[PDB]
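First, one chain by itself: the form deposited in one PDB entry, in structure tokens.
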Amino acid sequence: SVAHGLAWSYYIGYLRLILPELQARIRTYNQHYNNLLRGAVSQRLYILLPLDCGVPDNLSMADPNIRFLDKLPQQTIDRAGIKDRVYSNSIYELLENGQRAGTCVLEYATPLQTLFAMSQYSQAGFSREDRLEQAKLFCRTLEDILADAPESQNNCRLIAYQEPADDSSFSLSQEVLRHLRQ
């Protein structure tokens, strides 16, 4: 399955690298800033899983209640196959009623970009329907992997959603917040 490999490669090639040091980098960030006397970031890495596989260039631009705040301190890698890559994660501000309301490390799952690309290239032989099925399957497979992984306990949260074509103008921020509030 396309989704199966993606769920595994996302875990092996990213999450494992990132997760172990994440709580620490966040502790660093909360104590070391100011900037600023007003904080403060949640402990998990919130992963966005749009089922439509729509990933924006800019997460901030896309939503008006999600505003880029800052970056976490950088991380360096020396697990196998990666040496001297430099990584960063981004912190976002969430507003509710022009207020408050959350500060968290937030990012789109990169393999959705791949699922989208595949759907648009004739060479992939991958239909838009295939994409939706694999996107759901990707989410389920990843949930399962993470549930059992030593690296991934209490420091990661999956936010899966579809924005309904029918009626409503969906709130990404309400979605993130609902997950956030625990």
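Quick note: we count residues from 1 along the sequence shown, nothing fancier.
There is also a form deposited with a small molecule bound; it is not shown, and the following applies to it.
Proximity of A62 to the small molecule in the bound PDB entry falls outside the 4.5 Å heavy atom cutoff. Residue contact check for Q153: none of its heavy atoms lie within 4.5 Å of the small molecule in the bound PDB entry. In the bound PDB entry, the small molecule sits beyond 4.5 Å of every heavy atom of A149. Using a 4.5 Å cutoff between non-hydrogen atoms, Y29 counts as a contact of the small molecule in the bound PDB entry.
Segments offered: 140 to 148, 153 to 161, 126 to 134, 29 to 37. Contacting the small molecule in the bound PDB entry at heavy atom distances within 4.5 Å is 29 to 37.
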